[PDB]
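S.K.: Pasting a structure below so you can have a look.
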Amino acid sequence: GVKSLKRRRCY
Amino acid sequence: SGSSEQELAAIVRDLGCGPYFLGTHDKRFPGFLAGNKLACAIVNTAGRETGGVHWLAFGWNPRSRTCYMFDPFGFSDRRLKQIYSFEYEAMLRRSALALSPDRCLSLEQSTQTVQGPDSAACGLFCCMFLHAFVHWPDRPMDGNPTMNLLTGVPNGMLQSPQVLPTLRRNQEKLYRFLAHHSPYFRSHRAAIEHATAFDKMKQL
Ligand SMILES: *C(=N)CNC(=O)CNC(=O)[C@@H](NC(=O)Cc1cc(Cl)cc(Cl)c1)[C@@H](C)O
């Protein structure tokens, strides 16, 4: 499959 | 030119996504708000008024509080905004506020293209990622029986000759997978294959 990037987003 | 919303809705159902599917939308898709369940959508970069431009897939895994964003081209948010005038910050805000206790979510997205630069199969690769998403929502981007069939290559290499044969093979395997699991695809195959062609943008 595809390589991926995981980012944390707080609101 | 490409895939219509009716076409994609029928394929998504054929792939076993139906119970979790939120439908097809333009850039004003609200997000995952209804409840903290396994969910997905197919979203266009443009508003309905333009007629549509590019297809994207969004998944929500409640177990990890992850929003998966699949662009067949694996562009970055900055690059989706430059090229397609598309941003989905408000969507991630409405979702994290309505579904997560800590007001935080994890945003997981591809860094690699599976699609050729001239191809019109974006809607179709999106159906395929959603098949991988609904069966393996913990590991959907790679390492599962559906996404293992495709070869992701770095996004920065998208308009290079060395990767064209890898991306063409990916398009051939996209059709083989779909013909295998989707009666809608089988019945409309000649019209779909022609309209989503690997070299379709060069033949408008
Ligand atoms: C992919 N690489 C090629 N591009 C496309 O397949 C894009 N196709 C579309 O947008 C279709 N449009 C519609 O189905 C109408 C529509 C537009 C918007 Cl913004 C949202 C929704 Cl839900 C539907 C195609 C027929 O042009």
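Starting from 1 in every chain, residues are counted up; chains themselves are A, B, ... following the order of the structure tokens, and ligands are numbered from 1 as listed.
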Could you please tell me, as an MDAnalysis selection string, which residues of chain B have an atom within 6 Å of chain A when using only C-alpha atoms?
M.R.: chainID B and resid 103:112 141:142 147:148 150:152
S.K.: At a cut-off of 8 Å, can you tabulate as a Markdown table every residue of chain B near ligand 1 together with its closest atom pair and the distance in Å to one decimal, using only C-alpha atoms and all ligand atoms and ordering rows by chain then number?
M.R.:
```
| residue | atom | partner | partner_atom_place_in_ligand_line | distance |
| --- | --- | --- | --- | --- |
| B:1 | CA | ligand 1 | 26 (O) | 5.9 |
| B:2 | CA | ligand 1 | 6 (O) | 3.5 |
| B:3 | CA | ligand 1 | 6 (O) | 4.1 |
| B:4 | CA | ligand 1 | 14 (O) | 3.5 |
| B:5 | CA | ligand 1 | 14 (O) | 4.0 |
| B:6 | CA | ligand 1 | 14 (O) | 7.0 |
| B:23 | CA | ligand 1 | 22 (Cl) | 7.9 |
| B:24 | CA | ligand 1 | 22 (Cl) | 4.4 |
| B:25 | CA | ligand 1 | 22 (Cl) | 3.7 |
| B:26 | CA | ligand 1 | 20 (C) | 3.8 |
| B:27 | CA | ligand 1 | 19 (Cl) | 6.7 |
| B:42 | CA | ligand 1 | 22 (Cl) | 7.8 |
| B:43 | CA | ligand 1 | 22 (Cl) | 6.9 |
| B:44 | CA | ligand 1 | 19 (Cl) | 5.0 |
| B:45 | CA | ligand 1 | 19 (Cl) | 6.8 |
| B:46 | CA | ligand 1 | 19 (Cl) | 4.7 |
| B:47 | CA | ligand 1 | 19 (Cl) | 4.2 |
| B:48 | CA | ligand 1 | 19 (Cl) | 3.5 |
| B:49 | CA | ligand 1 | 19 (Cl) | 6.7 |
| B:50 | CA | ligand 1 | 19 (Cl) | 6.4 |
| B:51 | CA | ligand 1 | 17 (C) | 4.7 |
| B:52 | CA | ligand 1 | 10 (O) | 3.2 |
| B:53 | CA | ligand 1 | 7 (C) | 4.5 |
| B:54 | CA | ligand 1 | 7 (C) | 4.7 |
| B:55 | CA | ligand 1 | 7 (C) | 5.8 |
| B:118 | CA | ligand 1 | 2 (N) | 8.0 |
| B:119 | CA | ligand 1 | 2 (N) | 5.7 |
| B:120 | CA | ligand 1 | 2 (N) | 3.4 |
| B:121 | CA | ligand 1 | 2 (N) | 4.9 |
| B:122 | CA | ligand 1 | 2 (N) | 3.8 |
| B:123 | CA | ligand 1 | 6 (O) | 5.3 |
| B:196 | CA | ligand 1 | 3 (C) | 6.7 |
```
S.K.: I'd like the neighbourhood of residue 87 in chain B as number ranges by chain, where a residue qualifies if any of its atoms comes within 10 Å (using only C-alpha atoms), though same-chain residues fewer than 5 positions away should be ignored.
M.R.: B: 27-28, 45, 77-82
S.K.: Taking the DSSP secondary structure from the backbone, can you list the residues of chain A that are strand (DSSP E), as a ChimeraX atom specification?
M.R.: /A:4-10
S.K.: Pick out the residues sitting within 7 Å of range 178-191 of chain B, and hand them over as a list in words; count only C-alpha atoms, and ignore anything fewer than 5 positions along from it in its own chain.
M.R.: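 Within the cut-off, the hits are residues 10, 11, 14 and 15 of chain B.
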S.K.: Would you mind exporting N, CA, C and O atoms of the selected residues as a tab-separated table (two decimals), in the first residue's frame?
M.R.:
```
chain	number	residue	atom	x	y	z
B	10	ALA	N	-22.74	3.17	-5.62
B	10	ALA	CA	-23.03	1.79	-6.00
B	10	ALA	C	-21.87	0.86	-5.76
B	10	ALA	O	-22.09	-0.30	-5.41
B	11	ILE	N	-20.62	1.33	-6.03
B	11	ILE	CA	-19.44	0.49	-5.85
B	11	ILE	C	-19.12	0.33	-4.36
B	11	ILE	O	-18.90	-0.79	-3.88
B	14	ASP	N	-21.35	-2.22	-2.96
B	14	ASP	CA	-20.93	-3.54	-3.45
B	14	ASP	C	-19.73	-4.10	-2.69
B	14	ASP	O	-19.57	-5.32	-2.62
B	15	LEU	N	-18.90	-3.22	-2.10
B	15	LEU	CA	-17.67	-3.57	-1.39
B	15	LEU	C	-17.84	-3.85	0.12
B	15	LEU	O	-16.87	-4.18	0.80
```
S.K.: I'd like the contact shell of residue 177 in chain B - 9 Å cut-off, only C-alpha atoms, skipping same-chain residues fewer than 4 positions apart - returned as number ranges by chain.
M.R.: B: 128, 146, 149, 172-173, 181-182
S.K.: What's the separation between CA of residue 13 in chain B and CA of residue 131 in chain B, in Å to one decimal place?
M.R.: 9.6 Å
S.K.: DSSP on the backbone: what in range 37-125 of chain B comes out alpha helix (DSSP H), as a ChimeraX atom specification?
M.R.: /B:77-84,89-99,122-125
S.K.: Produce a file of the selected residues containing C-alpha atoms, as a PDB file, in the first residue's frame.
M.R.:
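Saved file again.pdb follows:
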```
ATOM      1  CA  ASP B  77      -2.587  19.565   2.844  1.00  0.00           C
ATOM      2  CA  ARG B  78      -0.498  22.544   1.596  1.00  0.00           C
ATOM      3  CA  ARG B  79      -0.435  20.997  -1.913  1.00  0.00           C
ATOM      4  CA  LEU B  80      -4.170  20.108  -1.846  1.00  0.00           C
ATOM      5  CA  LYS B  81      -4.861  23.784  -0.988  1.00  0.00           C
ATOM      6  CA  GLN B  82      -2.525  25.177  -3.697  1.00  0.00           C
ATOM      7  CA  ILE B  83      -3.757  22.906  -6.550  1.00  0.00           C
ATOM      8  CA  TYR B  84      -7.409  22.315  -5.613  1.00  0.00           C
ATOM      9  CA  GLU B  89      -9.509  22.139   8.954  1.00  0.00           C
ATOM     10  CA  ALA B  90     -13.107  23.169   9.936  1.00  0.00           C
ATOM     11  CA  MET B  91     -14.154  19.502   9.317  1.00  0.00           C
ATOM     12  CA  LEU B  92     -11.416  18.140  11.633  1.00  0.00           C
ATOM     13  CA  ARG B  93     -12.484  20.790  14.214  1.00  0.00           C
ATOM     14  CA  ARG B  94     -16.283  19.960  14.058  1.00  0.00           C
ATOM     15  CA  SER B  95     -15.371  16.214  14.342  1.00  0.00           C
ATOM     16  CA  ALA B  96     -12.809  16.404  17.246  1.00  0.00           C
ATOM     17  CA  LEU B  97     -15.241  18.659  19.193  1.00  0.00           C
ATOM     18  CA  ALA B  98     -18.246  16.398  18.613  1.00  0.00           C
ATOM     19  CA  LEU B  99     -16.585  12.976  19.046  1.00  0.00           C
ATOM     20  CA  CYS B 122      -9.413   9.006  -8.447  1.00  0.00           C
ATOM     21  CA  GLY B 123     -13.037   8.135  -7.540  1.00  0.00           C
ATOM     22  CA  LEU B 124     -12.320   4.400  -8.097  1.00  0.00           C
ATOM     23  CA  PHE B 125      -9.047   4.200  -5.976  1.00  0.00           C
TER      24      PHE B 125
END
```
S.K.: How far is it from CA of residue 16 in chain B to CA of residue 197 in chain B, in Å with one decimal?
M.R.: 25.2 Å
